[PDB]
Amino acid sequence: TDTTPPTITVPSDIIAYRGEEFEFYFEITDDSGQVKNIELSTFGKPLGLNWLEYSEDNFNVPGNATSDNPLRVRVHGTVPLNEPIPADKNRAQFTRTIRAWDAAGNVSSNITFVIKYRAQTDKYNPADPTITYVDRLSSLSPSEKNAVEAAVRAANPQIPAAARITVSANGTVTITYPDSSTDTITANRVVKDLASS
């Protein structure tokens, strides 16, 4: 008889950014070559993460889980935009457990995986814009602020379109990402006096 449960390989460094779709894979094998299903939990208790999803495609099919061709389970979702990040941002993670059944009733013992989530500015590092030349450094005109915003946007296509770029009276740039985290560009790297140049 089959008395050996499936073996699960977990990803070692799962990093998610708030408001951005992410994915990772579990790889599962069984000596029988067949895995019936899995369970994601909090050490046997409810998962408690409704934004976490996975496909049951190819579950409980003969030969779906061999050493040569493991069952690859795609887990995906989006950490909510406003998921709380405490003062110590290392605390921004969820430790959860996974186990799997074979077709003979053997279930593996829960093993852990960790979903770390971070603010969007942790992912994005804005390049300085081409300098906008202005008439008064202490008081930008509406067209100068438009130009600055355009310049910052142009120098940073990798930044999400849903991020909002604002410009202060002295040309200080604020980039506010969809999750409301921010990056700043100081005025001296954004604007210069036109006449002096």
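Rigid core: the largest C-alpha set superposing within 1.5 Å between the two forms. Position 1 is the first residue in the sequence shown; the rest follow in order.
Once the structures in 6 other deposited structures of this protein are superposed via the core, the pair 128-136 and 26-34 is resolved in favour of 128-136 as the more displaced stretch (C-alpha RMS). Choosing between 50-58 and 160-168, the greater Cα displacement from the shown form in 6 other deposited structures of this protein, fitted by the core, goes with 160-168. Comparing 37-45 with 156-164, the stretch with the higher mean C-alpha B-factor in the PDB entry is 156-164.
The mean Cα B-factor in the deposited entry runs higher for 78-86 than for the other of 105-113 and 78-86. When all modelled residues of the chain are sorted by CA temperature factor, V10 is found within the lowest third. Per the PDB record, residue ranking by Cα B-factor puts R99 in the lowest third of the chain. When all modelled residues of the chain are sorted by CA temperature factor, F26 is found within the lowest third. The PDB entry assigns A119 a C-alpha temperature factor belonging to the middle third of its chain's modelled residues. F59: CA B factor in the lowest third of modelled residues in this chain (values from the PDB entry).
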